[PDB]
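# Residue-level structure breakdown
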Amino acid sequence: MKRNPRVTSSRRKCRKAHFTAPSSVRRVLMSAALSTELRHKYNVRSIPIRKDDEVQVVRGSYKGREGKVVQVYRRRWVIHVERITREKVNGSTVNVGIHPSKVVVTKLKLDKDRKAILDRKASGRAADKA
Amino acid sequence: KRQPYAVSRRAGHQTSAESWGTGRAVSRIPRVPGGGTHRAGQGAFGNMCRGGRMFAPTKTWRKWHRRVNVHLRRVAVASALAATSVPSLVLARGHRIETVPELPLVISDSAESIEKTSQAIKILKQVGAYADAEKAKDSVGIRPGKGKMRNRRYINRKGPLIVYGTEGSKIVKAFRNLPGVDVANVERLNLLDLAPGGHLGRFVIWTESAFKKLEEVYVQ
RNA sequence: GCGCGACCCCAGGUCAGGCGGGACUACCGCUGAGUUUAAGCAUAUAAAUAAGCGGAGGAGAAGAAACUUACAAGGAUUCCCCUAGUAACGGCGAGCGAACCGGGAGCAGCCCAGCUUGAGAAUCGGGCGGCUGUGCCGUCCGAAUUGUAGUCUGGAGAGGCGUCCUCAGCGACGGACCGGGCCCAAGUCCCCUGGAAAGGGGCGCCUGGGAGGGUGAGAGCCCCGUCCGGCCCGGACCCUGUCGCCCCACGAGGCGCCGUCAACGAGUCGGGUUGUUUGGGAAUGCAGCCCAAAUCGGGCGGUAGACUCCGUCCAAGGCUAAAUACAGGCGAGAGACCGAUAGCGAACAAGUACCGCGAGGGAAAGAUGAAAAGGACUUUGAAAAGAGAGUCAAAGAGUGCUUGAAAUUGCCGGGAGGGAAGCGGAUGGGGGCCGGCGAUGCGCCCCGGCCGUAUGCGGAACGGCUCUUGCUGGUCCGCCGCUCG
RNA sequence: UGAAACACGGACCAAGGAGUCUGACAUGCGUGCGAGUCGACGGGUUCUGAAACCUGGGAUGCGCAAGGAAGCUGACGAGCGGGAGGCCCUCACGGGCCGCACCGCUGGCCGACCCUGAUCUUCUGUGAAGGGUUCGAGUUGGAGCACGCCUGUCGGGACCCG
RNA sequence: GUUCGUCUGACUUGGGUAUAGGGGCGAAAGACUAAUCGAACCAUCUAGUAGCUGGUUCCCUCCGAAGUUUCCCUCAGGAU
RNA sequence: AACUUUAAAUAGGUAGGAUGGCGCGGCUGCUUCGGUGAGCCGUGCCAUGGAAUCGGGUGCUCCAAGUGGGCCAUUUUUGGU
RNA sequence: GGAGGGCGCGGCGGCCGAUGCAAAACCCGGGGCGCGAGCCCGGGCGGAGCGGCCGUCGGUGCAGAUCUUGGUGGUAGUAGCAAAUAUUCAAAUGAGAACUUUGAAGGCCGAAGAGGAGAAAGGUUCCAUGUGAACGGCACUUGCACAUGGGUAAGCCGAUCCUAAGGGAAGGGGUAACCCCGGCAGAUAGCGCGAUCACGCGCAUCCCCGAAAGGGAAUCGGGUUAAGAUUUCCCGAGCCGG
RNA sequence: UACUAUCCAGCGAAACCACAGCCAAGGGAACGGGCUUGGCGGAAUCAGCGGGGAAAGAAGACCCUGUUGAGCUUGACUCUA
RNA sequence: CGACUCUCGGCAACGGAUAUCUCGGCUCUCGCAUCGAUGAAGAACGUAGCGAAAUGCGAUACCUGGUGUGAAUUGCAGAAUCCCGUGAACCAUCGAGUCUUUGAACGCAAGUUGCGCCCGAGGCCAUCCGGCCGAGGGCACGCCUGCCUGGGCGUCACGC
């Protein structure tokens, strides 16, 4: 289709890679849009999340829930957040999977290696803009 | 502009089939040797078998190259220029135009050195030639069929064509990504650019330096 | 006997190292059918193909003329275009059947043997020590005169004389090539419908990016990517670009001129005969056997032979990229490909399950949903199940799961009738079933309602045309004046 | 020949399922250009399997006829009858004039074949000249080439199946 | 099933072992050689061929045949 | 029937004109002992006009399919009860 | 049989439309159009993408083919489920018992057994416990089924060791080669014994596999669990080889 | 006389099927369940049965043909270990 | 006169067609060179806490070192130091590894977990400084090169 001698371009291949996600693939697809306050600090629109973050449902029917990211699932690429749930018949509460795109990052744990991601991407956005 | 494609050339050829002949209320077709399987088409030098070959259905032969005669082609290319100087064909092809005081457009040479798309749409807006590109940034068709599963999710209608007359084959970068656009130089004009679908009289934008080079293309 | 060296020939679970098999797509050899075609069939065709067998590499084979030619000669090898669907060959039947030249692609040239190290095996392997190590150095055994090192290779070359010119080998740093990592634009603003908004509507932004996928419905702007650039990192590496240090010279080779020479590969040449193969035809290549040479010579010159000429190369040793191939393998990009009886045998645990003693043969089989929210609990029943309920946007979605066709089956209704004969239909009438059927038309007058022309004004798109320029004809709207409708 | 047939197949239904595609050919039809024509082996170039541009060509045709060598070497150049249509005359009917397409026919010319053989001439060449129940895919006032489609034709598994 | 041939030898029968496809083996039936024998089975060449049988897929329009001549290893078919 | 002098009918061929006739005057190696003749050329004259009837037109050329097993009746007829 | 003019499907370039406020699909003794090919529209079902028109192109339209593959009838609840001498009663259990299990009874094979075991073969089937979804063409609470567990112990038995018919490396030689005969200069090429001491002496048709049946180094008894027990276990007694 | 059939409870196929099923004669692919003309004309059925359905199984094994094979024979053609 | 025979509809059951999907096939094109006695191609049998399979691996056994990424793996259980970190992960990379039993398959055979031979060290006790036992790994064909004992008037000299 559209241009360039490169490795990647194939409608089938794009699907194949992202569903079964190897570790580097997981982290880049774990990039979830920042809230507006955070966007003006780190000068980026989206960053990969964590487990000690807190993340707010904006998009869905489930909107208005907030919780920490309990788990992230490779095999079918989904993330699981606390308090976005559906109830089983007996009264058990089981988490409903949410895509990281849908959910928006309330709060960050900086870390040290995750912190490095913020710096490099920020530098990136500085270069184009000015 | 089409690849050759085909059915497999060794297909279901290498399938063992040997016949019962007759003495059975079973048709005189070859038949699988292996009875001890829950199915498989019963012998397969056929055109008449499940999972067998068919003697025809493609196989690499089919010419996806038809030769063009240059003198024949020259007439077609020349005709295409003339189709922009009659407004009737432009209307007939289904271009929405609120355009200028004169019939084909000739433009200043300074829209080569235009980096931005934002600037590009603005200059077209003044002409009134932005009109049909606005009708191709929406009303863009999710095409039915198996094309969706290829890469052909959107087939975009064909609005303005811009042709530059800068000698060194200079693609105007801004105009490349406009909705429904095509970009050309005089040094690479073809019939399909001025007449997608074979319907002549696409709305085209001529550069001033382009205009006087259109002569040298290669009752009444 | 014992023969120092050695001669000739054996032996180490011997010292350091090496071979088999695979792959076999594609390639290089070997070896080799028949069906078929000729409407029969043998010669011939298929085919110098399939099968059989061996062996390498990323390419392989080929390769600097014992060539092609007959010319003001071309000029290693390969492939494409053409010659060519042709010269030729052929129960001259069916059919079979290429090259030379010409053009283009790509280009690249070489060393041994055969003249002398003879002031001396100057050469090489191994052990051993040291070393900065695909190597180098010292030392000692051993190899090899039935000849290592070597000038020199036919285009030539070795001698001689005279002049210039030209060199061996290093750092360091880029680029070249390959692989990664990493970064690189913009709304999740209001409203509506919905289970969800990516949808519609309102209102925006970014675009070297409006390819794609993901995401709870058509997402440029939600995420990932995409695009275009940036920043790292590690390889591989003599392809060249920098620089910098030794100038490798009086050597060796090159060039100019001169002389004496010119060594130029054998059971090969060539021929006969036979078989195979060739378009190759008094033998195309090939082989066996038989005969068998020469070096002022030899071979070739598409009809066998002698004769005389002329022309053309220099075998019988060897290397060498590129242009050429690619149904395997690995890693990619695509298609007017296919859409679960299709596509591969295999979308799924598939060469799986299974079949056969074996060689081998070989399936069937994708889809709940956004999320299991996979039906707790109550009740009947021995249980399986059912009935309630719960859940879901939807159970008319309950792991027979999206949609759920035909056939068949059940229920029920209608027609018909239990005094009657069947091609199942056509034709006619009745029942049974159901959709349709100007918005309700016109003239006139009265009231209510609304507007106003002509002409003057004020602003304009028009016309015939002329086309500098000119004259005749505009209508309309704004909306004031003056008269009416 | 004749199918209701005491011919043959078919319980029923769904889904598969058979004149295709190609190379080289003939005709027809269309398109281009036209005594030429045919880009694309190739090279330039690129928004990249494309498109655009361009080369000498080579292939086919523009002359032929022979088995071959070859051919004074194929340029002197044609009539007649029916002919559409036009022209001229005539009020018209018709008459006369020019006559295409096309058709039929009679000649000349060329090659192959056979005769004829001047003047000339490197000594056997030469080919003026006059002819012929011979023969040709010729000249006598060319038409092709390229592309495509249908149908026919051949090789291909070749309509499908045995 | 009944009836019945043989039953101390050219006897019966197992295991191990030999012989394999124009081949074997045969006190010989063309018998038999793993439900397979006047040339086993398997895969391949092979999608082999067959003037002959079967089937050959949407509609309407207009025109509309012939089984005859000639040659043929031709008389179930071609050329003409 | 394989005889016929003789000899039907129905069948079958040809002709009934402008693709014709006639006048004028040209050429030949033919043909004539002879321009005598023959043929073919230029030029002139003669229409409904050469029996009947019809031509909801005809003439002409290229190319291809199918057919290539036929069968039947009246009439004629050969073999055979 | 030809030509002519159309229709329908799939996909592609163009162009225009339609949609979760309900697309496509499917159903419809519901309407209407066209000579037809087909088309149109409504209602019901349904839940995510699709159709018309102009060009382009095909793996493009079915009733068959003793068609292929899948489904489903009538047949038909019909033929049948009939060989093997044969069941029956009471109790136990369980929802339910002609068939299970126990007793009682009747029988049957009639020791060349319908027997107790081993071979071969299968491979856990043996036994417990659980237990009726499928399966035991009846039934069923039972099973050689399904699920869940466990179980096979050797100096003396076999294999092993050993030779046979025979097979097959090694050699020479054909065969490119696969492959086949089969040994040769293991014959003044080394294997074997003394022998510890390094040296001497002696010799072939080699060398392995080949009968879990031939031939054979060596065990008995009692007890035990689900079972064969010389065999597992154990006592006591041996026996063979080093 | 046994064991079936039959009848029951359970269990439960297949072959086969264009569509089906009353005769007579007629013509007709020259021997009809159907057409034509007459006769007829039990719902719903079971146990039987062997006339018929030119019933079914089996592209007649025979017989003819094909420019179709193969086994065999030889004084075929042509080669050869 | 129920019924039967037939037919249809509506709702269903049957069945898995149709539509719409597709981490797959299919075909074309491009780049790339790179197996082995240094033990392959291929097989076998094991190893995951709970596994039949596929996939992964080999007694160092669904993996190890090192490295990158930087917190998951998930059906349930679990570790909590491994979470501001020499470090989570059916992770990617995977340079350093193990890499079973087999297989060209190599001591020799193989319907045999068959039958030899040799060497290593640790311990023992001296019927000896030897005897006995241990765990590991070798010992093939083929042929070159170098090597030793020599066969042989093979050839020479020198023998008594």
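Cut-offs applied
Counting of residues begins from 1 for each chain and follows its sequence as written, which need not mirror the entry numbering; any residue without coordinates is not displayed. Whichever chain is written first becomes A and whichever ligand is written first becomes 1, with later ones labelled in order. What you see is a piece of a larger assembly; the numbers all apply to this piece alone. No hydrogens and no water enter the side-chain calculation; it runs on all heavy atoms of the structure. Contacts between residues were defined by any pair of non-hydrogen atoms, one from each residue, lying within 4.5 Å. In this description, buried area is defined as the sum, over both parts, of the accessible area (probe of 1.4 Å) that is lost when the two are combined. Note on definitions: salt bridges are taken to be side-chain nitrogens of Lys or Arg within 4 Å of carboxyl oxygens of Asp or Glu. Throughout this description, a polar contact denotes any pair of N or O atoms lying within 3.5 Å of each other; where both atoms belong to protein, one of them has to be capable of donating a hydrogen while the other can accept it, and for residues adjacent in sequence the pair is counted only when both atoms sit in side chains. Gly counts as polar in this scheme, as do all residues outside two lists: the nonpolar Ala, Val, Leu, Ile, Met, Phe, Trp, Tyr, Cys and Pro, and the charged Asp, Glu, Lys and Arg. Definition of nearness: a residue and a molecule or strand are near each other if at least one heavy atom of the residue lies within 4 Å of the molecule or strand. Pairing between strands is defined by DSSP: at least two bridges between them are needed. Every helix listed is a DSSP run of H or I at least four residues long, and every strand listed is a run of E at least two residues long, numbered separately from the N terminus. Only the stretch in contact is used when fitting a helix axis, every axis being a line fitted to C-alpha atoms; angles between N-to-C directions are given from 0 to 180 degrees. Exposure categories follow from relative accessible area, calculated using a 1.4 Å probe and restricted to protein chains: below 20% of the type maximum is buried, above 50% is exposed, and the middle band is partly exposed. As used here, the arc belongs to the directions running from the helix axis to the C-beta atoms.

The name given to chain B in the PDB entry is 60S ribosomal protein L4, with the source organism recorded as Triticum aestivum. The PDB lists this entry under the title "Model of the small subunit RNA based on a 5.5 A cryo-EM map of Triticum aestivum translating 80S ribosome".

Chain A carries the name 60S ribosomal protein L24 in the PDB entry, which gives Triticum aestivum as its organism.

### Some words on the interface of chain B and chain A
Listed as interface residues are six residues of chain B and, on the opposing side, five residues of chain A. Roughly 440 Å² of surface becomes buried between chain B and chain A when both sides are summed, with 49% attributable to carbon and sulfur atoms. Counting the surface chain B buries against chain A, the share from its top three residues, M149(B), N151(B) and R176(B), is 70%. Inspection of the chain B/chain A interface yields zero salt bridges. Counting every contact that joins chain B to chain A gives two residue pairs in polar contact. Along the lines of polarity and charge, the residues of the side of chain B that touches chain A split into one nonpolar, two polar and three charged.

### Details of the protein's contact with RNA strand G
Residue and element names in this part refer to chain B. In the neighbourhood of RNA strand G, 30 residues make up the surrounding shell, with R39, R143, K146, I155 and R157 lying closest. Within 4 Å of the protein, the contacting atoms of RNA strand G are 71% sugar and phosphate, with bases supplying the remainder. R24 is positioned such that a nitrogen or oxygen atom in its backbone is 2.9 Å from a base nitrogen of RNA strand G. One of the backbone nitrogen or oxygen atoms of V26 is found 3.3 Å away from a base oxygen of RNA strand G. Class assignment for the residues of the surface near RNA strand G results in seven nonpolar, nine polar and 14 charged.

### A closer look at the sheet that holds strand β3 (residues 54-57) of chain A
Residue and element names in this part refer to chain A. Taken together, four strands build an open sheet; the order of strands is β5-β4-β3-β8 and the sheet is antiparallel. Only two strands of the sheet have a single neighbouring strand rather than two, namely β5 (78-81) and β8 (103-107). Recorded for the sheet is a direction-independent mean angle of 50° between the axes of neighbouring strands.

### Description of the pairing of strand β4 (residues 66-73) of chain A
Along a regular strand, successive side chains alternate from one face of the sheet to the other. Residues and elements named next belong to chain A. Bridging between β3 and β4 involves three bridges; their strand directions are antiparallel. Note that in β4 the partner of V55 across the bridge is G67. Two strands pair when backbone bridges link them, and β4 and β5 are joined in this way by four bridges, in the antiparallel orientation. Its bridge partner lying in β5, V69 is registered against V81.

### Some words on helix α3 (residues 117-127) of chain B
Residue and element names in this part refer to chain B. Among all positions in α3, only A120, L124 and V127 are buried. Down the axis of α3, the buried side of the element spans an arc of 45°, and every buried residue falls inside it. α3 presents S118, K125 and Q126 as exposed residues on the side facing more than 90 degrees away from its buried surface. Residues of α3 that are buried make contact with β1 (105-107). Of the residues trailing α3, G128 is marked for its positive phi of about 100°.

### Some details on the environment of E54(A)
Residue and element names in this part refer to chain A. Here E54 is to be found in strand β3. Classification of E54 as partly exposed rests on a relative accessible area of 21%. In this structure, the C-alpha to C-alpha distance between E54 and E66, residues twelve residues apart in sequence, is 6.9 Å. If near-sequence neighbours (up to four positions away) are discounted, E54 is found in contact with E66, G67, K68, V105, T106 and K107.

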